[PDB]
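In: the data below comprise the sequence and an experimental structure of the protein.
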Amino acid sequence: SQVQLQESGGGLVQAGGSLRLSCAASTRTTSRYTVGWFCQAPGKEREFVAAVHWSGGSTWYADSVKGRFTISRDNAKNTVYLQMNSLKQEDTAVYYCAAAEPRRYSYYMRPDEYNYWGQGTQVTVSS
Amino acid sequence: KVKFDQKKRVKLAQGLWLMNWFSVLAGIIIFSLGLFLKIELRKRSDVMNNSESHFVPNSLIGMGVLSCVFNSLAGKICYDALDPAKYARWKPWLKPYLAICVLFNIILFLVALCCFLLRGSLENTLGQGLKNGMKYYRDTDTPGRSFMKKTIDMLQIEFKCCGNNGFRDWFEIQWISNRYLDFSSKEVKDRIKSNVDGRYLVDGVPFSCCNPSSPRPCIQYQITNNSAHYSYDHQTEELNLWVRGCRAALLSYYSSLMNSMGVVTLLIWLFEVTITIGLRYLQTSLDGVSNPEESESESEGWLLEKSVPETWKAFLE
Amino acid sequence: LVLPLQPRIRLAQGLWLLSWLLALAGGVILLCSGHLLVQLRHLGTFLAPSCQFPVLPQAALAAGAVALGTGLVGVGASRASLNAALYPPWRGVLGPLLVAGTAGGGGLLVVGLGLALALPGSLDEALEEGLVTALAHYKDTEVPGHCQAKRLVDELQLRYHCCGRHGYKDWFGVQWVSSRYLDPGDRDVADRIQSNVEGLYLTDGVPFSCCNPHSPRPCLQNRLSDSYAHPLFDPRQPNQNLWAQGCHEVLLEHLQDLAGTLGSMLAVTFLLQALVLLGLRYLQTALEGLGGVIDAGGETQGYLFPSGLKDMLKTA
């Protein structure tokens, strides 16, 4: 049936802290799914944050957050993990994990492409 | 007429053997080409009607086989003629051999001419088959018909054609299955009401009709509606879709193929007639020589020592 | 090695037939090299400029030509065996000719094998770069120097049943319609241009060539991201509309298959040539003692080298 994506880990944090976010799927084919994350806050539109693809050795993030974030995949648990490091107040937003069928030549992704979208989780950073 | 000696006769025999081997090669190559034409025609059998225009290929195959066998026989005849003792047993078959070679040449000329003349018949059957395929295009799910859509699309893609005569036929004939069309749609219902006998007719073409060379992305809907796009006019612009009908494209392709085959067959006919002339001259020399064993003695060879009017009366008797 | 006359004749016949097989191998490898070259004729644009894969067909043509020449020389050796008196005139030249043939064939075939075993590795990144370049040049169908980009890309897609490098989706992220044909009066187009950075026009659509004939439904080429945009399409993998596999993938697999077949052909041809040359050299050294007379039954010794190995080292 239709796949469902569930996100968890969202919670209040202090400025400069780190956090863990986990997005989980339901199918057994996750190894081939290409996954990405988006963050949107009031007054701003959906924006790309991090991506992972079939190979697993490819990871791409927005220049504004290059290096500061980390994204990884666990096929055994069919989970996508994102570690927030050196957070800032402006990062406060609602995050959405998205999964899509193999699109394996635009290593960069945009919302126009992804198909399965989770509900998302709200994360707030306080000074 | 012409004179002959032992050296001229033996050189002529050697040349006959060599040209006979060349003719065997020609026969095998024409056999291969005829088989290639047969398979090529069979490939597009589905898009056209089940069976149509399968006479020229079979004639070509039979002609090639006959050419090879006759060339081998004539080579053996030349080998025997090299030795008068061996040829002695061939004395009472020379006239029948000449006759059958003549008939072979006439039938070769006939098939050569047919290779050019017969092209006309294929046109109507090909057009009818294409129309039937277009009709069956929409109903893919029907058993024994799903292959039709794929065949038509592949044919269009690989031949740069579009329908029977362009895109007007595509406009006329529905090509979208009912199930994949929303009947509750207001515009779809209006179109079905406007068109008689129901069915959905919208001026457009399948993607295959599109031309890669078009600078714009190919337009497949509202093509007639000039205002439906930007800086476009169906009357003026042509590169958007291929304009040559698929009937014409297939006809031209097969016509070029058959013309090439006819040229090859004509060359083979020249070779065969030369071989026949050589055989006739050899037989005339062997008749003129007092005895075959007197190869050293001079002889005379001709084409026909009887005047045309005399032959006219002789044939009548 | 003492070679009696009857084994000498049998070895001459074996060398004749082996040379026939070598000539056939040369012919088939030449045909395969020509096939690869003609295939690359309309594929170079999709190869990265830094790539050197097209040099492999060029080398293979020379290797096949040399192999065919060696096969013809073996046929000549068989003819000389048939006519002993025909060998003497072909005695002095035979030695240097065989040496040069061995050197050239070995060098050419080894170079071809090395290229077939090395170049294909780079094909991955070569196609990776080339297809991206072609797609980026897809939009500019009017600018001179790239007009062939659109036609070549569409022909590639249609011929090899593929869409983009890998997949089709983020094709939406590359503009594929020349701005010259955009209507400035469209509010949606203006809004998209303003929203997207760099002014590129990104649309949820694909070019016609991306469609699949197998599709039961007419091909869909717009609003592919929305589930309700059409009566039956959905994000669930549809067999219909566009292809599944990607160009880069299909092209890489096909080119690697061709390279592997050509490498196997090169290896078999190299083994056959080595055997043929070994046999021809043994035949030459054996008949050297006989003086070119086959009927002679002196039992000449056939040795690969003219003299001892240490003699060759000292002569250096």
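Out: Sure, I can see it. Residues are numbered from 1 along each chain as shown, chains lettered A, B, ... in the order given.

In: make it CA atoms for all contacts and neighbour counts henceforth
Out: OK.

In: would you pull up the residue in chain A closest to chain B?
Out: Among residues of chain A, the one nearest chain B by C-alpha to the nearest C-alpha turns out to be residue A:112. It sits 20.4 Å away.

In: quick one: classify that residue as helix, strand or coil.
Out: The three-state assignment at residue A:112 reads coil, by DSSP: H, G, I helix; E, B strand; the rest coil.

In: part of a helix, is residue A:51?
Out: No. Residue A:51: not assigned to a helix; according to three-state DSSP it is strand.

In: how close does it get to residue A:29?
Out: Look at residue A:51 and residue A:29: by C-alpha to C-alpha, to the nearest Å, they are 18 Å apart.

In: what of residue B:172?
Out: Taken as C-alpha to C-alpha, the spacing of residue B:172 relative to residue A:29 amounts to 45 Å.

In: now residue C:226
Out: When C-alpha to C-alpha is the yardstick, residue C:226 and residue A:29 sit 23 Å from each other.

In: who has more neighbours out of the two?
Out: A direct count of neighbours by other C-alpha atoms under 10 Å in any protein chain shown for residue C:226 and residue A:29 places residue C:226 higher, at 15 against 11.

In: so that one is in contact with residue C:234, correct?
Out: Yes. Contact criterion C-alpha atoms under 8 Å: residue C:226 and residue C:234 qualify, at 7.4 Å.

In: quick one on the thing from earlier: and for the residue nearest to the residue of chain A closest to chain B when sequence neighbours are not counted, the neighbour number?
Out: Setting aside the residues directly before and after it, residue A:112 is nearest to residue C:225 in space (C-alpha to C-alpha, 6 or more residues apart in numbering or on different chains), at 6.6 Å. Residues within reach of residue C:225, counting by other C-alpha under 10 Å, total 19.

In: contacting residues around residue C:225?
Out: The contact partners of residue C:225, by C-alpha atoms under 8 Å, 6 or more residues apart in numbering or on different chains, come to A:112-115, C:204, C:235.

In: among those residues, the buried ones, what's the ChimeraX command?
Out: Burial among the contacts of residue C:225 is assessed by 16 or more other C-alpha atoms under 10 Å in any protein chain shown; the matching ChimeraX selection reads:
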select /A:112,113,114,115 /C:204,235
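
In: can you put the contacts of residue C:225 in TSV and add distance to residue C:53?
Out: Converted to TSV, these look like this (distance: C-alpha to C-alpha, whole Å):
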residue	distance to residue C:53
A:112	36
A:113	34
A:114	36
A:115	38
C:204	35
C:235	39
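
In: quick one: which of the contacts of residue C:225 is nearest residue C:117?
Out: For these, the closest approach to residue C:117 (C-alpha to C-alpha) belongs to residue A:113, at 38.3 Å.

In: pretty sure that closest one is in contact with residue C:170, am I right?
Out: Yes. Because the distance of 5.8 Å satisfies C-alpha under 8 Å, residue A:113 is recorded as touching residue C:170.

In: all the helices of chain B, in order from the start?
Out: In chain B, helices defined by DSSP state H lie at B:6-43, B:56-82, B:84-88, B:94-117, B:119-135, B:146-159, B:168-172, B:186-194, B:246-288, B:308-316, listed in chain order.

In: packing partners of the third one?
Out: Same thing as helix B:84-88. Packing contacts for helix B:84-88, counted by 3 or more C-alpha pairs under 8 Å, 6 or more residues apart in numbering or on different chains; DSSP states H and E, involve helix B:56-82.

In: in the helix it packs on, which residues are buried?
Out: For helix B:56-82, burial by neighbour count (16+ other C-alpha under 10 Å) applies to B:56-57, B:59-61, B:63-65, B:67-68, B:70-72, B:74-75, B:77-82.

In: same question for stretch A:98-115.
Out: A:98-106, A:108-115.

In: next to chain B, which bits of chain C? Give me the list.
Out: C:141-142, C:150-151, C:154-155, C:158, C:177-178, C:181-183, C:207-209, C:211, C:213-214, C:216-219, C:231-232 (C-alpha under 8 Å from any C-alpha of the partner chain).

In: could you redo the last one with a cut-off of 7 Å?
Out: Along chain C, the residues adjacent to chain B under the rule C-alpha under 7 Å from any C-alpha of the partner chain are C:141, C:151, C:154, C:177, C:181-183, C:207-208, C:213-214, C:216-219, C:231-232.

In: are any of the residues you listed buried, and which?
Out: Looks like the residues of chain C next to chain B have C:141, C:151, C:154, C:177, C:182, C:207-208, C:213-214, C:216-219 buried, using 16+ other C-alpha under 10 Å.

In: do a quick rundown of the strands in chain A.
Out: Counting by DSSP state E, chain A forms strands over residues A:6-8, A:12-14, A:19-24, A:34-40, A:47-52, A:59-61, A:69-74, A:79-84, A:93-100, A:116-117, A:121-126, given from the N-terminal end onward.

In: and stretch B:208-228, what's buried?
Out: B:208-220, B:223.

In: stretch C:268-286 now?
Out: Residues of stretch C:268-286 classed as buried by neighbour count (16+ other C-alpha under 10 Å): C:269-270, C:272-273, C:275-277, C:279-286.

In: between those, which is nearest chain B?
Out: Sorting the buried residues of stretch C:268-286 by how near they are to chain B, with C-alpha to the nearest C-alpha, puts residue C:269 at the top with 27.8 Å.

In: I'd say the closest one and residue C:24 touch.
Out: No. At 9.5 Å, residue C:269 does not count as touching residue C:24 under the criterion of C-alpha atoms under 7 Å.

In: hang on, the earlier thing: what is the nearest of the contacts of residue C:225 to residue C:19?
Out: After measuring the contacts of residue C:225 against residue C:19 - C-alpha to C-alpha - the closest member comes out as residue A:113, at 60.1 Å.

In: mind listing what residue C:220 touches?
Out: If a contact means C-alpha atoms under 7 Å, 6 or more residues apart in numbering or on different chains, then residue C:220 has residue C:241 as its contacts.
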